[PDB]
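Structure data follow from structure-v9.tsv (TSV, C-alpha atoms and all ligand atoms):
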chain	number	residue	atom	x	y	z
X	7	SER	CA	-0.04	20.70	-2.35
X	8	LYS	CA	-2.41	18.86	-4.68
X	9	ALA	CA	-1.90	15.57	-6.55
X	10	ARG	CA	-0.46	15.99	-10.04
X	11	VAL	CA	-2.42	12.95	-11.32
X	12	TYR	CA	-6.01	11.86	-10.81
X	13	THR	CA	-6.56	15.15	-9.02
X	14	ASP	CA	-10.30	15.61	-9.55
X	15	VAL	CA	-11.67	12.08	-9.71
X	16	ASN	CA	-14.00	12.51	-6.78
X	17	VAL	CA	-15.89	15.50	-8.23
X	18	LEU	CA	-16.33	13.40	-11.40
X	19	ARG	CA	-18.23	10.79	-9.37
X	20	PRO	CA	-21.62	11.19	-7.66
X	21	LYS	CA	-21.53	12.41	-4.07
X	22	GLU	CA	-22.59	8.93	-2.91
X	23	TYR	CA	-19.36	7.48	-4.33
X	24	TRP	CA	-17.12	9.13	-1.69
X	25	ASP	CA	-19.59	10.17	1.02
X	26	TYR	CA	-19.15	6.89	2.91
X	27	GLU	CA	-20.81	8.08	6.12
X	28	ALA	CA	-24.05	8.02	4.13
X	29	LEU	CA	-23.71	4.34	3.24
X	30	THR	CA	-26.48	1.93	4.26
X	31	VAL	CA	-24.97	-1.51	4.72
X	32	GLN	CA	-27.00	-4.36	3.24
X	33	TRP	CA	-26.09	-7.26	5.47
X	34	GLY	CA	-25.76	-10.80	4.10
X	35	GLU	CA	-26.45	-13.97	6.08
X	36	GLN	CA	-23.71	-14.89	8.56
X	37	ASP	CA	-24.83	-18.54	8.62
X	38	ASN	CA	-23.68	-18.90	4.99
X	39	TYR	CA	-20.02	-18.85	6.06
X	40	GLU	CA	-18.18	-21.26	8.32
X	41	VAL	CA	-14.79	-20.53	9.91
X	42	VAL	CA	-12.27	-23.25	8.97
X	43	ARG	CA	-9.06	-21.89	10.54
X	44	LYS	CA	-7.22	-18.79	11.68
X	45	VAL	CA	-4.75	-17.24	9.24
X	46	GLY	CA	-3.72	-14.04	11.08
X	47	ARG	CA	-4.23	-11.42	13.79
X	48	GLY	CA	-4.13	-7.72	13.11
X	49	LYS	CA	-4.33	-4.84	15.51
X	50	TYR	CA	-8.15	-4.58	15.26
X	51	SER	CA	-9.14	-7.33	12.84
X	52	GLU	CA	-8.95	-11.11	12.97
X	53	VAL	CA	-8.68	-13.09	9.71
X	54	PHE	CA	-9.88	-16.64	9.09
X	55	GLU	CA	-10.05	-19.05	6.19
X	56	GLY	CA	-13.72	-19.85	5.77
X	57	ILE	CA	-15.97	-21.82	3.51
X	58	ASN	CA	-19.22	-20.73	1.87
X	59	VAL	CA	-21.53	-23.56	3.00
X	60	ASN	CA	-23.71	-23.10	-0.16
X	61	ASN	CA	-21.34	-23.22	-3.14
X	62	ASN	CA	-18.50	-24.79	-1.13
X	63	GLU	CA	-15.99	-22.12	-2.28
X	64	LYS	CA	-13.20	-21.12	0.09
X	65	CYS	CA	-13.27	-17.59	1.42
X	66	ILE	CA	-11.48	-15.27	3.79
X	67	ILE	CA	-13.41	-13.97	6.77
X	68	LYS	CA	-12.25	-10.66	8.32
X	69	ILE	CA	-13.79	-9.98	11.71
X	70	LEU	CA	-13.48	-6.27	12.50
X	71	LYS	CA	-13.03	-5.22	16.13
X	72	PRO	CA	-15.02	-2.15	17.13
X	73	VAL	CA	-13.73	1.00	15.50
X	74	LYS	CA	-16.00	3.86	14.53
X	75	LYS	CA	-18.84	2.85	12.20
X	76	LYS	CA	-17.51	5.69	10.02
X	77	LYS	CA	-14.30	3.58	9.56
X	78	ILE	CA	-16.19	0.34	8.83
X	79	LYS	CA	-18.34	2.19	6.27
X	80	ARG	CA	-15.21	3.74	4.71
X	81	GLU	CA	-13.57	0.35	4.24
X	82	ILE	CA	-16.75	-1.16	2.82
X	83	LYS	CA	-17.39	1.73	0.43
X	84	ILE	CA	-13.82	1.64	-0.87
X	85	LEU	CA	-13.94	-2.12	-1.42
X	86	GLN	CA	-17.26	-1.76	-3.27
X	87	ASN	CA	-15.86	1.09	-5.40
X	88	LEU	CA	-12.71	-0.89	-6.28
X	89	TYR	CA	-14.52	-4.22	-6.90
X	90	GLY	CA	-13.26	-5.84	-10.04
X	91	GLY	CA	-10.18	-3.70	-10.31
X	92	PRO	CA	-6.86	-5.30	-11.27
X	93	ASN	CA	-5.20	-7.07	-8.37
X	94	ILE	CA	-7.69	-5.67	-5.82
X	95	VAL	CA	-9.09	-8.03	-3.21
X	96	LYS	CA	-12.73	-8.85	-4.02
X	97	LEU	CA	-15.35	-8.22	-1.34
X	98	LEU	CA	-18.07	-10.84	-1.67
X	99	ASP	CA	-20.28	-10.21	1.35
X	100	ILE	CA	-20.80	-8.21	4.53
X	101	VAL	CA	-22.27	-10.02	7.58
X	102	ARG	CA	-22.54	-9.61	11.34
X	103	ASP	CA	-23.37	-12.02	14.14
X	104	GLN	CA	-26.93	-11.89	15.32
X	105	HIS	CA	-26.16	-11.18	18.96
X	106	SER	CA	-22.91	-9.11	19.20
X	107	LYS	CA	-23.46	-7.25	15.85
X	108	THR	CA	-19.68	-7.44	15.22
X	109	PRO	CA	-19.25	-7.04	11.45
X	110	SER	CA	-17.27	-9.45	9.26
X	111	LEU	CA	-16.10	-8.90	5.67
X	112	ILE	CA	-16.15	-11.89	3.32
X	113	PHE	CA	-13.45	-11.94	0.60
X	114	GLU	CA	-12.38	-14.25	-2.22
X	115	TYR	CA	-9.59	-16.58	-1.00
X	116	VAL	CA	-5.91	-16.22	-2.01
X	117	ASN	CA	-3.35	-18.94	-1.38
X	118	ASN	CA	-0.74	-16.64	0.13
X	119	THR	CA	2.76	-17.40	1.23
X	120	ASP	CA	4.24	-15.32	4.12
X	121	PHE	CA	6.69	-12.82	2.56
X	122	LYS	CA	9.32	-13.97	5.04
X	123	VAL	CA	9.14	-17.39	3.41
X	124	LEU	CA	8.32	-16.26	-0.15
X	125	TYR	CA	10.72	-13.39	-0.79
X	126	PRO	CA	13.92	-15.41	-0.27
X	127	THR	CA	12.78	-17.76	-3.06
X	128	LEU	CA	12.09	-14.97	-5.59
X	129	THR	CA	14.61	-14.27	-8.33
X	130	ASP	CA	15.25	-10.95	-10.11
X	131	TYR	CA	12.49	-11.37	-12.71
X	132	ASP	CA	10.01	-12.64	-10.09
X	133	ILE	CA	10.50	-9.32	-8.19
X	134	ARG	CA	10.02	-7.35	-11.42
X	135	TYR	CA	6.80	-9.27	-12.07
X	136	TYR	CA	5.24	-8.88	-8.66
X	137	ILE	CA	6.15	-5.19	-8.28
X	138	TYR	CA	4.55	-4.59	-11.73
X	139	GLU	CA	1.41	-6.37	-10.52
X	140	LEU	CA	1.34	-4.23	-7.36
X	141	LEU	CA	1.72	-1.09	-9.49
X	142	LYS	CA	-1.38	-2.13	-11.48
X	143	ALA	CA	-3.40	-2.24	-8.25
X	144	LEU	CA	-2.07	1.15	-7.05
X	145	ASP	CA	-2.59	2.86	-10.38
X	146	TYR	CA	-6.12	1.52	-10.39
X	147	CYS	CA	-7.06	2.63	-6.93
X	148	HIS	CA	-5.43	6.02	-7.47
X	149	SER	CA	-7.37	6.35	-10.79
X	150	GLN	CA	-10.56	5.77	-8.79
X	151	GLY	CA	-9.77	8.52	-6.28
X	152	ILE	CA	-8.46	6.31	-3.47
X	153	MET	CA	-5.14	6.15	-1.64
X	154	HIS	CA	-4.32	2.92	0.19
X	155	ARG	CA	-2.09	4.43	2.88
X	156	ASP	CA	-0.77	1.10	4.24
X	157	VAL	CA	1.32	-0.43	1.47
X	158	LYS	CA	3.76	-3.01	2.93
X	159	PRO	CA	4.56	-6.71	2.32
X	160	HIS	CA	2.06	-7.76	4.95
X	161	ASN	CA	-0.75	-6.30	2.80
X	162	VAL	CA	0.28	-7.95	-0.47
X	163	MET	CA	-1.01	-11.49	-0.88
X	164	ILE	CA	0.66	-13.66	-3.49
X	165	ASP	CA	-0.29	-17.07	-4.89
X	166	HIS	CA	3.05	-17.78	-6.45
X	167	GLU	CA	2.00	-20.78	-8.56
X	168	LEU	CA	-0.80	-18.76	-10.17
X	169	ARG	CA	1.34	-15.59	-10.19
X	170	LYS	CA	-1.65	-13.90	-8.57
X	171	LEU	CA	-1.23	-10.77	-6.45
X	172	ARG	CA	-3.88	-9.05	-4.35
X	173	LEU	CA	-3.58	-5.80	-2.46
X	174	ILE	CA	-5.44	-6.29	0.84
X	175	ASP	CA	-6.44	-4.43	4.03
X	176	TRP	CA	-8.21	-1.32	2.87
X	177	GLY	CA	-9.06	-0.26	6.40
X	178	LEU	CA	-6.72	2.74	6.36
X	179	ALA	CA	-7.55	3.75	2.80
X	180	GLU	CA	-9.14	7.16	2.08
X	181	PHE	CA	-10.72	9.14	-0.71
X	182	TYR	CA	-8.48	11.83	-2.18
X	183	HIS	CA	-10.02	15.29	-2.16
X	184	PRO	CA	-7.66	18.06	-3.29
X	185	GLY	CA	-7.06	20.50	-0.47
X	186	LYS	CA	-8.01	18.03	2.25
X	187	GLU	CA	-5.86	17.91	5.43
X	188	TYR	CA	-5.49	14.26	6.38
X	189	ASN	CA	-4.36	12.49	9.54
X	190	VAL	CA	-0.63	11.77	9.31
X	191	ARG	CA	-1.03	8.69	11.67
X	192	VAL	CA	-1.52	6.25	8.81
X	193	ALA	CA	0.53	3.45	7.26
X	194	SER	CA	2.90	1.47	9.40
X	195	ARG	CA	6.00	3.28	10.78
X	196	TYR	CA	8.68	1.74	8.53
X	197	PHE	CA	6.65	2.57	5.40
X	198	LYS	CA	5.65	6.14	6.27
X	199	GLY	CA	6.61	8.80	3.76
X	200	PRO	CA	8.50	11.95	4.84
X	201	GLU	CA	5.25	13.94	4.37
X	202	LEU	CA	3.72	12.07	7.30
X	203	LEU	CA	6.83	12.48	9.41
X	204	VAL	CA	6.99	16.29	8.98
X	205	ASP	CA	3.22	16.89	9.40
X	206	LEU	CA	2.46	17.76	5.79
X	207	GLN	CA	-1.27	16.98	5.97
X	208	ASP	CA	-2.31	17.73	2.39
X	209	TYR	CA	-0.66	14.66	0.96
X	210	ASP	CA	-1.94	12.45	-1.86
X	211	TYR	CA	-1.62	9.10	-3.71
X	212	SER	CA	2.12	9.62	-3.90
X	213	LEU	CA	2.35	8.49	-0.26
X	214	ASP	CA	1.77	4.98	-1.53
X	215	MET	CA	4.72	5.29	-3.89
X	216	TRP	CA	7.09	6.03	-1.04
X	217	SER	CA	5.75	2.99	0.80
X	218	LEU	CA	6.25	0.90	-2.34
X	219	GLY	CA	9.81	2.22	-2.56
X	220	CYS	CA	10.49	1.06	0.98
X	221	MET	CA	9.09	-2.39	0.19
X	222	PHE	CA	11.13	-2.53	-3.01
X	223	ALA	CA	14.41	-1.54	-1.33
X	224	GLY	CA	13.74	-4.20	1.27
X	225	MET	CA	13.35	-6.84	-1.44
X	226	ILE	CA	16.29	-6.07	-3.74
X	227	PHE	CA	18.72	-5.35	-0.86
X	228	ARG	CA	17.47	-8.03	1.55
X	229	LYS	CA	17.31	-5.43	4.28
X	230	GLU	CA	13.82	-5.41	5.75
X	231	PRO	CA	12.49	-3.15	7.04
X	232	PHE	CA	14.76	-0.90	5.00
X	233	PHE	CA	14.21	2.20	7.14
X	234	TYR	CA	13.98	0.90	10.72
X	235	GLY	CA	13.22	3.78	13.07
X	236	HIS	CA	12.35	3.31	16.71
X	237	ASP	CA	9.59	5.92	16.72
X	238	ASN	CA	8.11	8.44	14.24
X	239	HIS	CA	10.91	10.95	14.81
X	240	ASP	CA	13.66	8.37	14.48
X	241	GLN	CA	11.96	7.11	11.29
X	242	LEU	CA	12.79	10.46	9.68
X	243	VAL	CA	16.29	10.24	11.05
X	244	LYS	CA	16.81	6.81	9.45
X	245	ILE	CA	15.61	8.20	6.09
X	246	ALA	CA	17.82	11.30	6.40
X	247	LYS	CA	20.87	9.08	7.08
X	248	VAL	CA	20.34	7.62	3.57
X	249	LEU	CA	18.88	10.39	1.42
X	250	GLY	CA	20.86	13.09	3.23
X	251	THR	CA	19.69	16.26	4.91
X	252	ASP	CA	20.38	18.65	2.02
X	253	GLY	CA	17.39	17.18	0.15
X	254	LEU	CA	15.29	17.34	3.31
X	255	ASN	CA	15.95	21.04	3.75
X	256	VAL	CA	15.07	21.75	0.10
X	257	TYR	CA	11.79	19.86	0.57
X	258	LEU	CA	10.86	21.63	3.82
X	259	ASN	CA	11.55	25.02	2.21
X	260	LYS	CA	9.50	24.23	-0.90
X	261	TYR	CA	6.43	23.22	1.09
X	262	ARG	CA	6.87	25.95	3.74
X	263	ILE	CA	7.22	23.37	6.52
X	264	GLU	CA	8.85	24.26	9.81
X	265	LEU	CA	10.43	21.18	11.35
X	266	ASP	CA	9.63	20.55	15.04
X	267	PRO	CA	12.68	21.74	17.08
X	268	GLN	CA	13.19	18.36	18.82
X	269	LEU	CA	12.91	16.61	15.49
X	270	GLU	CA	15.33	19.02	13.85
X	271	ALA	CA	17.93	18.25	16.54
X	272	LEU	CA	17.41	14.49	16.15
X	273	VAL	CA	17.86	14.65	12.36
X	274	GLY	CA	21.14	16.58	12.58
X	275	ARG	CA	23.12	16.72	9.34
X	276	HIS	CA	23.95	13.79	7.00
X	277	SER	CA	25.42	13.24	3.55
X	278	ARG	CA	23.49	11.28	0.91
X	279	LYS	CA	24.52	7.62	0.80
X	280	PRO	CA	24.62	6.16	-2.74
X	281	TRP	CA	22.29	3.20	-3.35
X	282	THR	CA	25.28	1.07	-4.38
X	283	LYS	CA	26.36	1.04	-0.71
X	284	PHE	CA	23.55	-1.45	0.01
X	285	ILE	CA	24.76	-4.00	-2.56
X	286	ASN	CA	26.49	-7.08	-1.12
X	287	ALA	CA	27.40	-10.60	-2.20
X	288	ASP	CA	24.10	-12.05	-1.03
X	289	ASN	CA	21.80	-9.53	-2.79
X	290	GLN	CA	23.83	-8.59	-5.86
X	291	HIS	CA	21.88	-10.90	-8.19
X	292	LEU	CA	18.75	-8.78	-7.55
X	293	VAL	CA	20.34	-5.45	-8.24
X	294	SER	CA	20.70	-3.97	-11.69
X	295	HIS	CA	21.27	-0.41	-12.88
X	296	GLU	CA	17.57	-0.43	-13.83
X	297	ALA	CA	16.49	-1.53	-10.31
X	298	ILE	CA	18.57	1.25	-8.70
X	299	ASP	CA	17.28	3.88	-11.12
X	300	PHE	CA	13.69	2.84	-10.43
X	301	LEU	CA	14.24	2.84	-6.66
X	302	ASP	CA	15.93	6.24	-6.78
X	303	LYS	CA	12.87	7.65	-8.56
X	304	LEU	CA	10.51	6.37	-5.78
X	305	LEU	CA	12.43	7.27	-2.62
X	306	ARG	CA	12.46	11.06	-2.95
X	307	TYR	CA	11.48	13.44	-0.22
X	308	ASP	CA	9.42	15.54	-2.61
X	309	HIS	CA	6.17	13.61	-3.07
X	310	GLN	CA	5.43	15.50	-6.28
X	311	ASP	CA	8.75	14.34	-7.83
X	312	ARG	CA	8.24	10.59	-7.21
X	313	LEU	CA	7.14	8.36	-10.05
X	314	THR	CA	3.40	7.79	-10.12
X	315	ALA	CA	2.26	4.14	-10.32
X	316	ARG	CA	1.42	4.44	-14.03
X	317	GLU	CA	4.76	6.18	-14.77
X	318	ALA	CA	6.55	3.46	-12.85
X	319	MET	CA	5.00	0.79	-15.09
X	320	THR	CA	6.84	2.37	-18.04
X	321	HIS	CA	10.27	2.13	-16.42
X	322	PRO	CA	12.88	-0.08	-18.21
X	323	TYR	CA	13.10	-2.29	-15.09
X	324	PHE	CA	9.72	-3.73	-16.17
X	325	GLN	CA	10.51	-4.13	-19.90
X	326	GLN	CA	9.93	-7.87	-19.98
X	327	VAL	CA	6.74	-8.22	-17.96
X	328	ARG	CA	5.25	-5.20	-19.78
X	329	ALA	CA	6.05	-6.64	-23.22
X	330	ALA	CA	4.75	-10.11	-22.25
X	331	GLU	CA	1.37	-8.90	-21.03
X	332	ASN	CA	0.96	-6.56	-24.01
X	333	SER	CA	1.28	-9.64	-26.27
X	334	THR	CA	-1.57	-11.40	-24.43
X	335	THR	CA	-3.93	-8.39	-24.72
X	336	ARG	CA	-3.23	-8.32	-28.48
X	337	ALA	CA	-4.23	-12.02	-28.61
X	338	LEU	CA	-7.40	-11.17	-26.60
X	401	LIG	BR1	-5.44	-14.41	1.71
X	401	LIG	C1	-6.26	-12.91	2.53
X	401	LIG	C2	-5.81	-12.53	3.81
X	401	LIG	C3	-6.35	-11.42	4.38
X	401	LIG	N1	-6.07	-10.79	5.54
X	401	LIG	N2	-6.88	-9.74	5.65
X	401	LIG	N3	-7.67	-9.69	4.56
X	401	LIG	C4	-7.35	-10.73	3.77
X	401	LIG	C5	-7.85	-11.10	2.57
X	401	LIG	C6	-7.31	-12.20	1.92
X	401	LIG	BR2	-7.98	-12.75	0.28

Re-express the file's structure as structure tokens.
Ligand SMILES: Brc1cc2nn[nH]c2cc1Br
Amino acid sequence: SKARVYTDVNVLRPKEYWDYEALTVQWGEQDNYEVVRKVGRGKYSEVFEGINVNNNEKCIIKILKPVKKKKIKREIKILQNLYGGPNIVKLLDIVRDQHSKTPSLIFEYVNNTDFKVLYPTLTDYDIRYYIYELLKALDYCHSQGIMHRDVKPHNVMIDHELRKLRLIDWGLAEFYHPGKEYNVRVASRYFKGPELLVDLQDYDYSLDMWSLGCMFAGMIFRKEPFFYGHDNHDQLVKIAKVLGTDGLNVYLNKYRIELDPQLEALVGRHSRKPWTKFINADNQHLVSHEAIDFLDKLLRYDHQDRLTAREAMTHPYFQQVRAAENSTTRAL
């Protein structure tokens, strides 16, 4: 398998663009940034609101727990390569404390609201807007030869008053090289695409579109996480109990994949459940024919059949936001 879009971006860039192990980090001065308060704990990073003591601007400080220097360099190189892209978090500095040498990334601050608080206050056209903004970030990173690999609400910061969206946490992101066999232990369980769950290692940007689909289903149906498996095997089972096993078997045959025997037994046999089955009185105001059609075109087993991010932006679901922003670029 090879990506059907942005296939060859990395050979159209100098070697130094993607060869992150060769990066030499130019460290800033740690004493320029003061921690103000904690905002979150990740598995191996800690995130603080900070202040730049020189220009007094707010910032976010991400302190990275030891992981291979290869991984720190990968995250830094990706953030540098994506700097200035639409709805991408902006990396402002790279510092480390004098004594422990633990690295910290300095970002531009975003006034986020927790999705558990924010999403219940979003109406139909708010969802259309923010998904469109997320698609702009994914199309951009894909166009620059990068797959995020951890798309989920927790990695999408939103300043709702300023309608500002930033795609964050590039620590699992990778460069796409056609033919490359990647680690399938990426993303977070509930957002993993079927390719990861069946050990299809030569996956591509389209992984991120499955993850987006999961996020989107969770929003419009108010069922989050939408696919709630108790382990990586059961994650496939939860997907198969919605999409059905007939489509799974077609997919496995196309890509010449032999399903693990234990996994095959766990998946069993299931009919496809129509998307309308998830509609209820509480969520119905968020569902339209256009939302269902868009969702259906994201959540497909076959990664090569999913909408790309740029194709998604053309879908009728986004008619209004697309027309509104096109007007402003004309005025520019
Ligand atoms: Br807001 C915000 C929160 C973050 N957590 N991890 N990285 C982050 C960057 C920004 Br900006």

Might you pull out every residue within 7 Å of residue X:203, with all atoms listed in the file counted and same-chain residues fewer than 3 positions away left off, and present them as a compact mmCIF listing (two decimals) with C-alpha atoms, keeping the file's coordinate frame?
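Everything below was put into around20.txt:
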# COMPACT_ATOMS: atom_id res chain seq x y z
CA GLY X 199 6.61 8.80 3.76
CA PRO X 200 8.50 11.95 4.84
CA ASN X 238 8.11 8.44 14.24
CA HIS X 239 10.91 10.95 14.81
CA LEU X 242 12.79 10.46 9.68

Hey, can you check how far atom CA of residue X:154 sits from atom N3 of ligand LIG 401 (chain X)?
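Going from atom CA of residue X:154 over to atom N3 of ligand LIG 401 (chain X) covers 13.8 Å.
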
Compare X:252, X:240, X:308, X:114 by their minimum atom-to-atom distance to ligand LIG 401 (chain X), counting all atoms listed in the file, and give me the closest one.
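With all atoms listed in the file as the atom set, the closest residue is X:114.
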
Any idea what's packed within 12 Å of residue X:16, counting all atoms listed in the file, ignoring anything in its chain fewer than 4 positions away? Could you give it as a short mmCIF file (atom, residue, chain, number, x, y, z; two decimals) with C-alpha atoms, in the coordinates of the input?
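Full text of around-v7.cif as output:
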data_model
loop_
_atom_site.label_atom_id
_atom_site.label_comp_id
_atom_site.auth_asym_id
_atom_site.auth_seq_id
_atom_site.Cartn_x
_atom_site.Cartn_y
_atom_site.Cartn_z
CA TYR X 12 -6.01 11.86 -10.81
CA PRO X 20 -21.62 11.19 -7.66
CA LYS X 21 -21.53 12.41 -4.07
CA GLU X 22 -22.59 8.93 -2.91
CA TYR X 23 -19.36 7.48 -4.33
CA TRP X 24 -17.12 9.13 -1.69
CA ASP X 25 -19.59 10.17 1.02
CA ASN X 87 -15.86 1.09 -5.40
CA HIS X 148 -5.43 6.02 -7.47
CA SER X 149 -7.37 6.35 -10.79
CA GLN X 150 -10.56 5.77 -8.79
CA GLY X 151 -9.77 8.52 -6.28
CA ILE X 152 -8.46 6.31 -3.47
CA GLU X 180 -9.14 7.16 2.08
CA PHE X 181 -10.72 9.14 -0.71
CA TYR X 182 -8.48 11.83 -2.18
CA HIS X 183 -10.02 15.29 -2.16
CA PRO X 184 -7.66 18.06 -3.29
#

Between atom CA of residue X:177 and atom CA of residue X:112, distance in Å (one decimal):
14.0 Å

List all protein, DNA and RNA residues that have any atom at most 12 Å from ligand LIG 401 (chain X), counting all atoms listed in the file, and write the list as a ChimeraX atom specification.
/X:43-56,64-70,81,85,93-98,110-120,159-165,170-177

Nearest to residue X:279: which of X:72, X:250, X:34, X:267 is it, counting only C-alpha atoms?
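Checking each of X:72, X:250, X:34, X:267 against residue X:279, counting only C-alpha atoms, the winner is X:250.
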
Per-residue nearest contacts stretch 199-282 of chain X to stretch 187-192 of chain X, cut-off 12 Å, using all atoms listed in the file, as a tab-separated table:
residue	atom	partner	partner_atom	distance
X:199	CA	X:190	CA	9.6
X:200	CA	X:190	CA	10.2
X:201	CA	X:190	CA	8.0
X:202	CA	X:190	CA	4.8
X:203	CA	X:190	CA	7.5
X:204	CA	X:190	CA	8.9
X:205	CA	X:190	CA	6.4
X:206	CA	X:190	CA	7.6
X:207	CA	X:187	CA	4.7
X:208	CA	X:187	CA	4.7
X:209	CA	X:188	CA	7.3
X:210	CA	X:188	CA	9.2
X:211	CA	X:188	CA	12.0
X:213	CA	X:192	CA	10.1
X:214	CA	X:192	CA	10.9
X:217	CA	X:192	CA	11.3
X:238	CA	X:191	CA	9.5

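Considering all atoms listed in the file, the residue among X:194, X:7, X:241, X:212 positioned nearest to residue X:153 is X:212.
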
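Taking atom CA of residue X:299 and atom CA of residue X:248 as the two end points, the separation is 15.5 Å.
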
So, with all atoms listed in the file as the atoms that count, which of X:26, X:294, X:273, X:36 lies closest to residue X:104?
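Between X:26, X:294, X:273, X:36, the residue approaching residue X:104 most closely is X:36.
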